[PDB]
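Breakdown of the fold
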There are 2 protein chains.
Amino acid sequence: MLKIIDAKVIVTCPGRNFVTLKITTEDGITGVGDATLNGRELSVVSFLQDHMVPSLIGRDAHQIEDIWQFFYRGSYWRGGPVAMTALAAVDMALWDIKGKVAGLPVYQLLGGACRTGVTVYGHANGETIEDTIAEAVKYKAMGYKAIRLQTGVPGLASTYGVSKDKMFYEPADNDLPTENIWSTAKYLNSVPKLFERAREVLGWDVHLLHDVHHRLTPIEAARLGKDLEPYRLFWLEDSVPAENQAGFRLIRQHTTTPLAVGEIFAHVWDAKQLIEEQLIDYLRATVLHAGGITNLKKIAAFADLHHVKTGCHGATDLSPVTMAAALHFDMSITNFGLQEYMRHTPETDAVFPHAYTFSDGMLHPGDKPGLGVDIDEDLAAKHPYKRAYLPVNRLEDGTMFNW
Amino acid sequence: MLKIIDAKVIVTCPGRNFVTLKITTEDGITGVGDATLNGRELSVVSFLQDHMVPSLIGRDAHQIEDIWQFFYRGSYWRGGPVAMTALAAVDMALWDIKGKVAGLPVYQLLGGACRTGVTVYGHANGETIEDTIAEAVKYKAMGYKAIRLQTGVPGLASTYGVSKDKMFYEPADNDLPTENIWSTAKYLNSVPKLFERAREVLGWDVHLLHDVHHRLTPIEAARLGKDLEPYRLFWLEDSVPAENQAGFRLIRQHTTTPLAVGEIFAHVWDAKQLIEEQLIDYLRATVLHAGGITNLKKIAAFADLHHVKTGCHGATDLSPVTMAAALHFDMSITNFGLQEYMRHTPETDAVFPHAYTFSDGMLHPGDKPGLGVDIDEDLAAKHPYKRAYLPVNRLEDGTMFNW
Ligand SMILES: [Cl-]
Ligand SMILES: [Cl-]
Ligand SMILES: [Mg+2]
Ligand SMILES: [Mg+2]
Ligand SMILES: [Mg+2]
Ligand SMILES: [Mg+2]
């Protein structure tokens, strides 16, 4: 029995906001879990500390699945990004604890190593095509096997994924949401040239990816996928908002460009139709926003029955605690596809010391017991919360749209 | 142009917790909206005051749909009970303001009166069948045209909906979740007798309802629905958890007992398959938990294409502000089915003075401009927040289950 004696929520902003749950057991074994929900951080803080945490106290930390079900079913209102992110933080901390008790890295509990390391993709961006390709050349030189390309839309002042930051992209940049303007036509007429040029310069062995970031309708995404077929993308991501899962049927009927979706998904139900009808090739859902290792492991098993591989999201708003958890998960499944890896700031790496390392285009979680990560509370305390929002996006006529 | 100059979240516990948003405009017109999420109340408080509210300041309150879209899309993570309940509060308050500007009750803006009043059901319960039926007789003498019946399960210490409270049921009763134990078989073998007896005593004109409260599988619910056909129930509610909406296909194939579901639903997507395959007869989703009048009006329109009527949830954890908004909505649609009405405490009614009245089995929202409800802030401040959780439920072997 590993009785839980304390559970605390820590908020810090070492370059951007992160929320972390730290659980302590009676004999001093601790675990951490990430609870960061970009642009709505404090709602999760409250969901944990005002509501979930009081029920953790006195529970046996060994009971991972029962605690998971207790919170998932016990909340009454079911799922949603706030609830599932809070649950993720508990789940990650409990797996961390399990590994420490077992004297083993978490991946050893989930099936053991299925690969030598975890292949990542990097984030090339620029205002013009030549700018983006110059960045991609850099990522290839740095040993990346896979690279996402995003580029400015001619005739629009701003677009998703293009900024002054080059090893990462940090869009939550203002204390009220930054407003953008969008034209779908300007984008559809321009973005295929990016991938034509990329293949001319970079060749055909490197994997190339693209995030549409929710801006198309299915018949538009069908067209974009066809236009991109000649360049053999690894995936085309989040092409259309996915609440209507049948929306992907039209895409799938018209293009063979592989499809990815799901960084925002909170539970299996957000992907069930997509997976069961073979409408996607990669599921982007994460241990952070879809309810932890416990839940993502179940989802991955279901995905593997339908040729779906994992392509976990990995933007900066997933802390090093999520990255550790994601790497243990990624190491231990047959149907791993790719792992996104945006670099954290040096201050973030200092606040969350961790065992995972990057070499030759792959991450590896290390072999420390548990997750192989912790939070330095003293350093965390030196970086207070700073309100910061994700941007919003409107059409040319002012219509509220999807960023 | 009606500039928003202030927006405050007020938390009060006049017999149970309620959260309320109050929006003030430049020239003094105010609106209120309910934001209460039973057992997770403080998470919505934070989602509103730490994240949404800062964007409300300076906006034109007339722009109801644009503000709705701004929050729904702008949060990035989409939907979920916390986000959609926060959004409902904003939406209710904006409609309140709109009615006030227009000098009309809200139902007059949504289509006008479609009926003389809003028919409700009440809440008969007791430990034995005789006790439950005597309660029903009381409600029938009070002029209720529809009555829900819940009764103790022989051989179980407790069950859903049975307590010492008789005009309402207030299950969030402890500062940690109260634990219950469940046997499906004991319930399936016993509950039809309640409705057999009810028809012998009450007759056939009164509408009789039952809330299964998430405790069956589809084939079990199919059986219960068949067993209850002789008694012609108005609806059989929440028979199975509904994340897998295709679960209702088996129930529908086997029984003609009418089905209701959805008090917990946060958005149209939670009901889309249920509605489009004609799997239910009544949608239970509310202006509070499914994103306001704006969203529920759209959902009701979709429902009406598939013979689905509204049966909004109306338990105590929906404040009088929700009930006002629910009644304006209920008055103004063709496909109204029934409105649930649990009584609030006298203290709750005093904190939330309201125009709506009850007579001859119907509620009517009144004819004041706006919603016809307000919050008395001075009185609200006399009743501080008190943590209180919904109960949890486990099977005989300890398995975490659905309450
Ligand atoms: Cl949620
Ligand atoms: Cl949510
Ligand atoms: Mg910076
Ligand atoms: Mg993305
Ligand atoms: Mg009481
Ligand atoms: Mg119910």
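Procedures and definitions
- Residues numbered from 1 in each chain as written, not as in the entry; some residues may be left out.
- Chains lettered and ligands numbered in written order.
- Heavy atoms only, no water.
- Contact = heavy atoms within 4.5 Å.
- Buried area = accessible area lost by both parts, 1.4 Å probe.
- Salt bridge = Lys/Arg side-chain N within 4 Å of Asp/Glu carboxyl O.
- Polar contact = N/O pair within 3.5 Å; in protein donor to acceptor, adjacent residues only side chain to side chain.
- Helix = DSSP H or I, 4+ residues; strand = E, 2+ residues; numbered from the N terminus.
- Buried < 20%, exposed > 50% of the residue type's maximum accessible area, 1.4 Å probe, protein only.
- Least-squares fit on C-alpha atoms.
- Domains from an automatic or database assignment.
- Donors = N, O, S within 2.8 Å, 3.2 Å for Na, K, Ca; no water.
- Disulfide = S-S within 2.5 Å.
- Pairing = 2+ DSSP bridges.
- Axes fitted to C-alpha atoms, helices over the stretch in contact; angles between N-to-C directions.
- UniProt positions renumbered as here; feature names shortened; annotations may be inferred.

Per the deposition metadata, X-ray crystallography was the technique used to determine this entry, at a resolution of 1.45 Å.

**Quick look at the interface of chain A and chain B**
Facing the 58 residues of chain A at the interface are 57 residues of chain B. Here chain A meets chain B over a buried area of about 4,800 Å², counting both sides, of which 59% is carbon and sulfur. With a shortest N-O distance of 2.8 Å, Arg78(B) and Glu243(A) are connected by a salt bridge. Run the count over chain A and chain B and you get 29 residue pairs in polar contact. When residues of the side of chain A that touches chain B are traced back to their parent elements, those giving at least two are α1 (41-56), α2 (64-74), α3 (81-102) and β15 (392-395) of chain A. The leading source of residues in the side of chain A that touches chain B is α1(A), at eleven residues.

**A closer look at the side chain of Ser319(A)**
All names here are of chain A. Its location among the elements puts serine 319 in the loop between β11 (309-312) and α12 (320-331). In this structure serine 319 comes out as buried when scored by relative accessible area, which is 0%. Residues within four places of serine 319 in sequence aside, it is in contact with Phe18, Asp34, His344 and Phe352.

**Brief notes about the environment of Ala157(B)**
Secondary-structure assignment places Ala157(B) in the loop between β5 (146-151) and β6 (179-182). It is 23 Å that separates the C-alpha atoms of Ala157(B) and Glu196(B), two residues lying 39 residues apart in sequence.

**Remarks on the relation of the copies chain A and chain B**
Its rotation angle being 180°, the transformation that places chain A on chain B also includes 0.0 Å of axial translation and leaves an RMSD of 0.1 Å. Read as a symmetry element, the transformation amounts to a two-fold axis. In terms of proximity to the rotation axis, the leading residue of chain A is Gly80(A), whose C-alpha is 1.9 Å off the axis. Most of the interface of chain A is mirrored in chain B: 98% of its interface residues are interface residues there too.

**Structural notes on the domain arrangement of chain A**
Residues and elements named next belong to chain A. Along its sequence, chain A is organised into domain 1 (1-105 + 368-403) and domain 2 (106-367). For domain 1 and domain 2, the distance between their C-alpha centroids amounts to 23 Å. At the interface, 57 residues of domain 1 touch 62 residues of domain 2. In total, domain 1 and domain 2 occlude about 4,800 Å² of area from one another, counting both sides; carbon and sulfur atoms represent 63% of this. Viewed at the interface, domain 2 and domain 1 are joined by three salt bridges. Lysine 298 is the partner of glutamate 65 in a salt bridge, and the nearest nitrogen-oxygen pair spans 2.6 Å.

**A look at the pattern of salt bridges**
Oppositely charged side chains may form a pair once their charged atoms are brought near each other. Residue and element names in this part refer to chain A. Applying the stated criterion across every chain, the model contains 38 salt bridges over all chains. Across the pair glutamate 276 and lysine 272 runs a salt bridge, and its minimum N-O distance is 2.8 Å. Pair noted here: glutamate 276 and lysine 272 are both in helix α10 (residues 272-276), with a separation of four residues, about one helical turn. A relative accessible area of 35% means that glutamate 276 is categorised as partly exposed. On the accessibility criterion, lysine 272 (24% relative accessible area) is partly exposed.

**Things to note about the coordination of the magnesium ion (ligand 4)**
Coordination sphere of the magnesium ion (ligand 4), protein contribution only: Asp211(A) (OD), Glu237(A) (OE) and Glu263(A) (OE), at 2.0 to 2.1 Å. With relative accessibility at 0%, the residue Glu237(A) sits in the buried group.

**Digging into the state of the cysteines**
All names here are of chain A. Taken as a whole and judged by the stated rule, the model has zero disulfides over all chains. In this structure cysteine 312 is a free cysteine whose sulfur lies 14 Å from that of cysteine 114, the closest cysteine sulfur available. Classification of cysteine 312 as buried rests on a relative accessible area of 2%.

**Re the sheet that holds strand β3 (residues 30-34) of chain A**
Two pairing modes exist for strands in a sheet, parallel and antiparallel, and in both the strands are linked by backbone hydrogen bonds. Residue and element names in this part refer to chain A. Across the sheet, which stays open at both edges, the three strands sit in the order β1-β2-β3 with antiparallel pairing between neighbours. Pairing within the sheet leaves two strands with one partner each, and these edge strands are β1 (4-12) and β3. On average, each strand axis in the sheet is tilted by 20° relative to the strand beside it, whichever way the strands run. Lying on the sheet, α3 is in contact with β1, β2 (18-25) and β3; it crosses β3 at an angle near 150°.

**What to know about unusual backbone geometry**
The backbone of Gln278(A) shows a phi angle near 50°, a positive value even though the residue is not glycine. Here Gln278(A) lies in the loop between α10 and β10 (282-283). On the accessibility criterion, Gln278(A) (40% relative accessible area) is partly exposed. With a phi close to 80°, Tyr76(B) is a non-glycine residue in the positive phi region. With respect to the secondary-structure elements, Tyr76(B) resides in the loop between α2 (64-74) and α3 (81-102). Relative accessible area serves as the criterion here: at 6%, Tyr76(B) is assigned to the buried category.

**Re the sheet that holds strand β16 (residues 400-401) of chain B**
Residue and element names in this part refer to chain B. Taken in spatial order, the three strands line up as β6-β15-β16 in an open sheet, and their pairing is mixed. Edge positions in the sheet fall to β6 and β16, since each of these pairs with one other strand and no more. Inspection of the sheet shows strand β15 (residues 392-395) paired to β16 by two bridges, in the antiparallel sense. Looking across to β16, one finds that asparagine 393 is bridged to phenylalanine 401.

**Considerations on the UniProt feature "binding site: Mg(2+)" in chain A**
Annotation from UniProt places "binding site: Mg(2+)" at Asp211(A), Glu237(A) and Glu263(A). The annotated residues occupy 53 residues of the chain but converge on a single region, no pair of C-alpha atoms lying more than 11.1 Å apart. By secondary structure assignment, the location of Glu237(A) is in strand β8 (residues 235-237). Sequence-distant contacts of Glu237(A), defined by excluding residues within four places in its chain, comprise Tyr121(A), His210(A), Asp211(A), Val212(A), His213(A), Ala260(A), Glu263(A) and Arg284(A). In this fold, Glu263(A) is placed in the loop between β9 (259-261) and α10. The class for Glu263(A) is buried, based on a relative accessible area of 4%. When neighbours within four sequence positions are excluded, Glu263(A) is seen to be in contact with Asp211(A), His213(A), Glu237(A), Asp238(A), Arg284(A), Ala285(A), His289(A), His313(A), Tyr76(B) and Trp77(B).

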